[PDB]
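Data first, discussion second: the structure below is written as C-alpha cells.
Letters A, B, ... are given to chains in the order of the sequence lines, protein chains preceding strands, and every chain is numbered from 1.
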Number of protein chains: 2
Amino acid sequence: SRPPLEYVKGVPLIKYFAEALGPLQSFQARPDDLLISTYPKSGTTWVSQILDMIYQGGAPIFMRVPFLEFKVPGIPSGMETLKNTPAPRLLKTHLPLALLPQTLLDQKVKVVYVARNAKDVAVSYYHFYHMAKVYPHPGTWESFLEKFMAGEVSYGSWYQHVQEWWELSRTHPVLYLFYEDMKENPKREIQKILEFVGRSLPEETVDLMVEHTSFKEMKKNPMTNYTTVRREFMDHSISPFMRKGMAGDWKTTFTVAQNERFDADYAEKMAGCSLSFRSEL
Amino acid sequence: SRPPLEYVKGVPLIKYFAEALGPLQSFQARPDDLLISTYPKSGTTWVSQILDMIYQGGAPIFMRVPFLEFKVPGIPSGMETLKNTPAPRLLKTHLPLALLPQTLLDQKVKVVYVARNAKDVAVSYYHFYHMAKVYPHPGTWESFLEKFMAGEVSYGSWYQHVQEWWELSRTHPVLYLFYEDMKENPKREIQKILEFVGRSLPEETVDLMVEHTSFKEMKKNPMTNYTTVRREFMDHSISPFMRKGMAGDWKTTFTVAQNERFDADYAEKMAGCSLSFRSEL
Ligand SMILES: Nc1ncnc2c1ncn2[C@@H]1O[C@H](COP(=O)(O)O)[C@@H](OP(=O)(O)O)[C@H]1O
Ligand SMILES: Nc1ncnc2c1ncn2[C@@H]1O[C@H](COP(=O)(O)O)[C@@H](OP(=O)(O)O)[C@H]1O
Ligand SMILES: [Ca+2]
Ligand SMILES: [Ca+2]
C-alpha cells in the first residue's frame, strides 16, 4: 500500500526492508560468499544471472540469489531464503556501507559491484517506483528527479553509494564494474568476473552465456523477468521490470532544463572523485 | 536371465548392448562432447561423478551421464537418455576402438580415459558379473580368471583395451588417467581433469569435491551407488557395486598359482607397450 520510507542511520528505505535490519545483525557471512552490491537499477539482476550461471558451470533469480535485506508482507524473508542456502553463497544487496552487516567486511567476502550512469539510473528507478508497490508513489517525473538528486529515495544518495564502494575497493576485494561496459562488450566483462571469482570456462561456453544473458533473452525468461510475482506486488502492466535495458535512453525523458540543472548539481557532488561514467553506449 | 554374450567384430558383449549398436551408427557427436572411456570396473563411475560435479560448478549418475551403448529390457536406451541431453554432453563408454562410433573421432571429442591394474579389474569384474544379471553367470573365480585372461568376457581383452586407447592418445585429445593415481592423490588428478576440460575452480571447491567423491561418500550416495535400480537387474545383496574401492586388494583373491600364471601371461601381452601399472596404492 505504498508505505512511506523509513530512515535508518540517515538512510531512507522500504518500510519492510527497514524492519528486516534487526533480524539482520544475526547474519553471519562465510569466507566463500560472493556479494553482489549495487545501487538500485544498476544491473543487479543482470550480473546476478551471470554469476549464477558461472556457479552452475554455465527457480527464479530471487530464490537462487537471496536478497539480503529483503522482506515483504506475503513473501519469505531474505535471510529466510538464505537458510536453505548451501555454500558457496551468492548474495545480493543495495545497502550503503553504513548499514552493511559488518561480518561481510570482517570475512573479506568478494564483492562484485556494478555502477551505472546516474541519469539512466534515475529514469529506471522512476519507472520501478511505479510498478513495485512497496515504494511510495513517485509522483511526477519532475518531482521524482528532484527527490533522486537529493537522495530522498530508497537506499539514499546514488552519488555517495558509487563513491564509497569505489573507495572501499582500495582495501577490500572488490570487482567494480560498469553497466555500460557490460552493454558494450558483455564477453569482456564476464571474463573479468570469471577471473575474479577464480573460475574458468571454455570460450564456447562463455559465448553461450553472453547470448542467454542478453536483455532480449532475460526479458523472455520468466525466471529472470520477475513476472511470476503477484500483481499487487509488482505490476508489470504499469512498467515491466525488463523495461528497455539501454544505455543513453535518459535523453528521451530528461528535458533540457532538467539536464542542465542535473549536470550542474552533478559536477558539484562528484568533484573530488576519480569515477568516470559515460551516459552513452 | 543371464543371456550368453554376443560377439561383434570379434568383441563379445552383453546381448542387449550388441543389439544397441545398430541404433548406434545414427549417433552424431558434437564438438563439445566429453567422452569418458574405460575398460569395465576401472573407475568409470568415479571419474563420471567428478566430471559431472565439475560441469555443475562443483538424478542418478546413469541419467546424468548417458551410457552410449546402454540397453536393457525394462530400461530406456543409452541413446534415448541422450536425446533429452543439452550441450555440453558428458558421455560414457567401454567400447573398444573398433566399435566406437566414428563420429566421436571425426569431431575430435575430448576423451578422459581411466586405466586400472588388470588384477584389481579382474576381481572387481568377477563380483560385478555376479550381481549384474545381464551378464552370463561367471562360474568359479578360477574359471572366470581364465576367461578374463583370454578376453572371453564382456568388452573383450583388457590388454588390448588399455593399449589401443593409450596409442590413440598420440593423435587424439585424450587425458589418460590411472585409477591408482586417483586413489593416491585425488586432488592432483582432479586438477588435471579441470585443466584438460578448460575449466577452473577455487582450491576450496576442489577440496570439497575430493571429500564428496571419496569411496566412502560415493558408497552412501544413492545417486552414485546404483542402489535405485531393480533387484533382478543388479542384486546389491550378492555384491554391492561400491564393493571396496581399493588398490591392491587382488592379493586376497589371487592364489599364488594363479598369480604366477597371470604374470607370465601378462609379460607376454604387454611386451612392446610402454604402459606402466602399479598393483598397490
Ligand atoms: N540482461 C540485461 N541486459 C541489459 N539490461 C538489463 C538486463 N537485465 C536487466 N536489465 C536492466 O537493468 C535495470 C534493472 O536493474 P536491477 O536488476 O539492478 O534492478 C533495468 O533498466 P531499464 O529500466 O533502464 O530498462 C533493466 O531493463
Ligand atoms: N569414489 C570411488 N573411489 C574409489 N573406488 C571407487 C569409487 N567409486 C567406485 N569405485 C570402485 O570402482 C569399481 C567400479 O568401477 P566402474 O565405475 O568402472 O564400474 C569398483 O571397484 P571394486 O570392485 O574393486 O570395489 C568400485 O568400488
Ligand atoms: Ca528486485
Ligand atoms: Ca554401470
Extract all donor-acceptor atom pairs below 3.5 Å that involve side chains of residues 86-96 of chain B and protein atoms in other chains or at least two apart in sequence.
from: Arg89(B); atom 1: NE; to: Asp33(B); atom 2: OD1; distance (Å): 2.7
from: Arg89(B); atom 1: NH2; to: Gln28(B); atom 2: O; distance (Å): 3.1
from: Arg89(B); atom 1: NH2; to: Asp33(B); atom 2: OD1; distance (Å): 3.4
from: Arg89(B); atom 1: NH2; to: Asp33(B); atom 2: OD2; distance (Å): 2.9
from: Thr93(B); atom 1: OG1; to: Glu69(B); atom 2: OE2; distance (Å): 2.6
from: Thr93(B); atom 1: OG1; to: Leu95(B); atom 2: N; distance (Å): 3.1
from: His94(B); atom 1: ND1; to: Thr38(B); atom 2: O; distance (Å): 2.8
from: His94(B); atom 1: ND1; to: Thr38(B); atom 2: OG1; distance (Å): 2.9

Pairs under 3.5 angstrom only: tabulate donor-acceptor contacts from the side chains of residues 53-67 of chain A to other protein residues two or more places apart or in another chain.
from: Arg64(A); atom 1: NE; to: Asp52(A); atom 2: OD2; distance (Å): 2.7
from: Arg64(A); atom 1: NH2; to: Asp52(A); atom 2: OD2; distance (Å): 3.4

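Within 6.0 Å of NZ on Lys108(B) lie more than 12 heavy atoms contributed by other residues, nucleotides or ligands.
Residues of residues 160-179 of chain B lying under 4.5 angstrom from chain A, judged on non-hydrogen atoms, do not exist. Contacts from residues 184-201 of chain A to chain B, taken as heavy-atom pairs separated by less than 4.5 Å, involve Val197(A), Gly198(A), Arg199(A), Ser200(A), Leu201(A) in sequence order.
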